[PDB]
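Report on the structure given below.
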Amino acid sequence: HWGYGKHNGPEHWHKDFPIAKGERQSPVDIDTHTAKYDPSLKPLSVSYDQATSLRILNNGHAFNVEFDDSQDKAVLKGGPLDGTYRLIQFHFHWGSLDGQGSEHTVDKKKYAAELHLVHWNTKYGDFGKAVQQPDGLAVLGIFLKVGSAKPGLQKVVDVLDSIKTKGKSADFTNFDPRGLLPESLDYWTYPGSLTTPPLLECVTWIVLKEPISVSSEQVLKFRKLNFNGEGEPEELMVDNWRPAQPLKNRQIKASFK
Ligand SMILES: NS(=O)(=O)c1ccc(NC(=O)c2ccc([N+](=O)[O-])cc2Cl)cc1
Ligand SMILES: [Zn+2]
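Those letters in the sequence shown? Residues 4 to 125, 127 to 261, per the authors' numbering, in order.
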């Protein structure tokens with residue numbers, strides 16, 4: 004099945020998922036000088052005070068942490084969005100080396116990793133229905149650079165030892181994803197897709213300009229995870245990013261000048 008290798012990786016995904024060559028695929032290179040400053044964009048509202056984290060899951064592609072999204076908690080609104088979008092999960096994409104790992108790039112610059120906070124449009129009732137809609141999801145993307153540690157990341161780093169392998173999960177409550185957010189909520193936004201299969205064109209992307217800093221030690225711990233299941237040959241969970249895709253018709257908007 005699909006993955007990140009030479010024979011099944013991003014260049015192969017179009018065979019099982021033909022939308023891979025569609026008109027609104029993600030990620031993209033963010034050309035900061037062709038992006039349009041839009042003073043009409045309402046500020047972004049990220050309201051995570053009541054986010055109830057539940058569990059962290061290793062799925063064979065990344066580690067997904069899923070939230071209890073059964074109540075009106077942990078919502079993204081404003082910015083380019085109409086209505087309210089509810090947090091369901093976050094995950095990361097990262098590299099084998101500090102010089103790559105991000106999915107979006109900024110004037111061709113690759114960051115060490117990228118965090119995706121995934122939210123579904125509450127007008128569609130749940131995540132599974134929302135992904136079938138053109139405005140179903142809003143993904144908040146945040147770049148990671150290697151420097152000072154991010155203290156709010158450490159609780160995630162420490163649990164990774166227990167989910168080394170595909171299909172392992174651990175209880176993970178009371179985690180404040182506010183600890184993963186940079187100072188500024190300045191952003192770029194554009195219409196796109198999931199960056200893994202099924203590659204559905206259901207996402208309003210909101211990519212923050214300001215990266216967070218994490219330590220080398222923190223990202224090194226991401227790189228100890230495995231793609232393979234327990235009792236299969238060891239293949240380290242690294243370079244789980246899709247490269248930039250063609251922008252095609254699209255415009256990227258900026259919330260700042
Ligand atoms: N990398 S990204 O664009 O943020 C992104 C990519 C893929 C997803 N996928 C999911 O959330 C997902 C999880 C489970 C299932 N399922 O039915 O088993 C389906 C999806 Cl679409 C979410 C976000
Ligand atoms: Zn992602």
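Here a beta-carbon is modelled for each residue, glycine too, at the ideal position from N, C-alpha and C.
- In terms of Cβ geometry, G145 and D180 do not form a close pair [threshold 8 Å].
- Its Cα nearest to that of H15, the residue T200 stands out among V68, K168 and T200.
- Annotation for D175: the continuous beta strand (DSSP E) segment containing it runs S173 to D175.
- Here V135 has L204 and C206 as same chain residues with Cβ atoms under 6 Å from its own Cβ, once five neighbours each way along the sequence are excluded.
- Around the CB of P46, fewer than 16 other CB atoms lie within 10 Å, so the residue is classed as exposed.
- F176 sits away from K213, with the two beta carbons spaced by 8 Å or more.
- The closest CA to that of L90, considering only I22, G140, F20 and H36, is found on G140.
- Nearest to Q53 by alpha-carbon distance, out of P186, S219, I22 and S73, is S73.
- Fewer than three pairs of CB atoms, one per stretch, sit closer than 8 Å, so the region 166-176 makes no contact with the region 91-103.
- Using a 10 angstroms sphere on the CB of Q222, the tally of other CB atoms reaches 16 or more, which defines it as buried.
- Here DSSP, grouped into helix, strand and coil, assigns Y40 to strand.
- Exclusion of the five residues before and after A23 leaves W16, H17 and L203 as the residues of its chain whose Cβ lies within less than 6 Å of its Cβ.
- Counting along the chain, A134 sits inside the alpha helix (DSSP H) bounded by residues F131 to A134.
- Per DSSP, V223 is one residue of the alpha helix (DSSP H) stretching across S220 to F226.
- As DSSP reads the structure, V78 sits in a beta bridge with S50 and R89.
- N253 counts as exposed, since fewer than 16 other C-beta atoms from the protein chains shown sit within 10 angstroms of its C-beta.
- If you draw a straight line from the Cα of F231 to the Cα of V150, it comes to about 23 Å.
- Taking 8 Å as the cut-off, the beta carbon of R182 is found closer than this to the beta carbon of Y51.
- Taking a cut-off of 8 Å for Cβ pairs, the region 230-250 and the region 104-118 touch, as three or more such pairs fall below it.
- Closest option to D32, judged by alpha-carbon separation, among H10, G63 and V109: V109.
- Close CB contacts of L44 within its chain, under the 7 Å cut and outside five residues either way in sequence, are with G82, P83, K257 and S259 (chain order).
- Boundaries of the beta strand (DSSP E) around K149: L141 to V150.
- Secondary structure note for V31: it is in no beta strand (DSSP E), with a DSSP letter that is neither H nor E.
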